[PDB]
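Read the structure below first, then the notes.
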Amino acid sequence: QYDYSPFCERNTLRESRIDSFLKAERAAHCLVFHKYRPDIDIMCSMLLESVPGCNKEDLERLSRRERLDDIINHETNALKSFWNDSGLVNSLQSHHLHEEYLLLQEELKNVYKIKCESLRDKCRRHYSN
Amino acid sequence: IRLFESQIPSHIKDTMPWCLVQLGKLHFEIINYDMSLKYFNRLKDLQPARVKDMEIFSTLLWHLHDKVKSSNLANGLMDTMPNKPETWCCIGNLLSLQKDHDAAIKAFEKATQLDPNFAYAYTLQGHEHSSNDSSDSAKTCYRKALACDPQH
Amino acid sequence: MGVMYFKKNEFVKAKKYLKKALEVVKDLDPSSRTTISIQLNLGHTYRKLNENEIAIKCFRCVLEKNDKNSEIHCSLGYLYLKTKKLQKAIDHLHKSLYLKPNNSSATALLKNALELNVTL
Amino acid sequence: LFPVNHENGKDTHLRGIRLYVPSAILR
Amino acid sequence: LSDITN
């Protein structure tokens with residue numbers, strides 16, 4: 001029988017939640033495992049396996065301590081990095097890629113500024129705060 | 001001072017920041033104003049962003065009426081550490097040097113709020129309160145200044 | 001009972017009853033606003049009993065267990081000015097002023113201590 | 001007292017008001 | 001403008 005001791009230290013769980021957890025858990029594992037029960041099984045050169053936003057080629061560069069079609073290649077590639085291998089971009093129509101791209105560097109450029117006074121006046125900030 | 005002259009080598013004397021601070025404070029106590037400034041400037045040359053005790057330098061430069069040096073030191077000291085009472089007491093000393101003194105009193109009280117166990121901010125408050133022509137506040141501030149440091 | 005024998009101007013029996021109270025509570029619970037009252041009352045009886053060293057030690061103990069107490073510091077100054085320990089007397093008076101700036105007897109006590117120190 | 005304002009006003013402001021009366025060291 | 005006169 002399906003074990004549910006870790007999900008709730010209370011020894012008894014109502015049957016609706018037992019199926020609620022079992023159905024939810026199998027789907028969550030099946031998403032990660034595939035791009036069955038949890039209690040039967042939990043299982044399954046540079047050390048660095050992965051970093052957000054880096055492709056395999058970026059890893060090899062790290063290990064070494066380092067026109068419309070072409071822009072469309074650069075159109076998709078930037079969203080490959082930002083969306084962490086999202087499969088919906090291939091389903092997006094071409095002209096919807098342009099406006100999201102224009103807003104991409106626009107919001108990124110705003111981050112660069114954020115990431116980057118008289119004696120009498122500058123004392124007030126400390127007193128008022 | 002004689003021990004400095006005799007028992008202290010010159011190379012250690014003119015390099016050690018602690019010797020510079022102690023010698024400047026000592027020459028302050030003997031009311032030797034010219035001597036102390038040219039060694040405290042050397043101390044600032046060793047490190048501008050050091051606090052320890054600038055209450056002595058602030059007291060000296062208030063007498064010497066050097067507004068620009070006090071402004072630079074106050075700006076640097078606040079930029080380095082805002083929570084140190086010495087920076088706020090230096091700022092208040094500069095403010096009293098300028099003209100206005102109510103905000104100087106408020107800054108001094110804020111410095112005392114940062115560290116209640118700072119007796120020199122208390123005695124500086126009391127000394128300033130004489131310029132306000134008020135005595136009862138001054139006398140209470142003096143007594144509470146003595147409470148912190150028995151031998152002042 | 002010690003407090004009432006004190007109020008009745010009969011200090012000797014109040015003293016022994018407060019000593020019994022202290023020895024009963026000596027072993028257990030130094031904190032919890034009971035030993036503080038016991039020690040303060042016993043020190044008051046001793047200072048009214050004209051014996052000062054034991055009153056001073058008890059007042060020092062209660063001061064250690066509780067520092068923010070203006071009355072404790074005024075009593076310490078009273079005891080120290082009764083003796084010739086002027087430095088401790090004035091230190092405790094200035095502290096007492098620090099805890100409470102507007103103290104009536106403390107101003108006169110400080111004036112007397114300072115004039116005695118200057119004349120000494 | 002301000003019993004009446006200009007052009008038959010109702011209320012009155014007061015922008016400013018002041019009162020005037022007559023009458024080496026270790027830091 | 002208020003301050004309406006009678």
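Ordering of the structure tokens sets the chain letters (A, B, ...); residue numbers start at 1 within each chain; ligands are numbered from 1 in the order shown.
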
Applying 9 Å and only C-alpha atoms, which residues near residue 3 in chain E remain after dropping the ones on its own chain fewer than 5 positions away? List them as a PyMOL selection string.
chain D and resi 8-11

Each residue of chain E with at least one atom at most 9 Å from chain D should appear once, together with its nearest atom pair and the corresponding distance in Å (one decimal); atoms considered: only C-alpha atoms; ordering: chain, then increasing residue number; output as JSON lines.
{"residue": "E:2", "atom": "CA", "partner": "D:10", "partner_atom": "CA", "distance": 8.6}
{"residue": "E:3", "atom": "CA", "partner": "D:10", "partner_atom": "CA", "distance": 5.4}
{"residue": "E:4", "atom": "CA", "partner": "D:9", "partner_atom": "CA", "distance": 8.1}
{"residue": "E:5", "atom": "CA", "partner": "D:8", "partner_atom": "CA", "distance": 6.9}

Show which residues sit within 12 Å of residue 59 in chain C, as number ranges by chain. Count only C-alpha atoms, and ignore same-chain residues fewer than 2 positions away.
C: 35-47, 52-57, 61-67, 69, 71-80, 92

Counting only C-alpha atoms, which residues of chain B come no farther than 8 Å from chain C, as a PyMOL selection string?
chain B and resi 140+143-144+146-148+150

Any idea what's packed within 8 Å of range 72-87 of chain A, counting only C-alpha atoms, ignoring anything in its chain fewer than 2 positions away? Could you give it as a count of residues only?
13

Identify all chain B residues at most 12 Å from chain D by counting only C-alpha atoms; ligands do not count. Present them as a PyMOL selection string.
chain B and resi 28-31+33+55-64+93+96-97+120-131

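For the pair CA of residue 106 in chain C and CA of residue 118 in chain C, the interatomic distance is 18.1 Å.
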
Once DSSP has gone over the backbone, tell me which residues of range 6-104 of chain B are in alpha helix (DSSP H), as a ChimeraX atom specification.
/B:6-7,10-13,17-29,33-46,55-64,67-80,85-98,102-104

Could you check how far CA of residue 51 in chain B sits from CA of residue 5 in chain B, in Å to one decimal?
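The value is 26.5 Å.
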
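Across the structure, CA of residue 1 in chain B and CA of residue 87 in chain B are spaced 28.3 Å apart.
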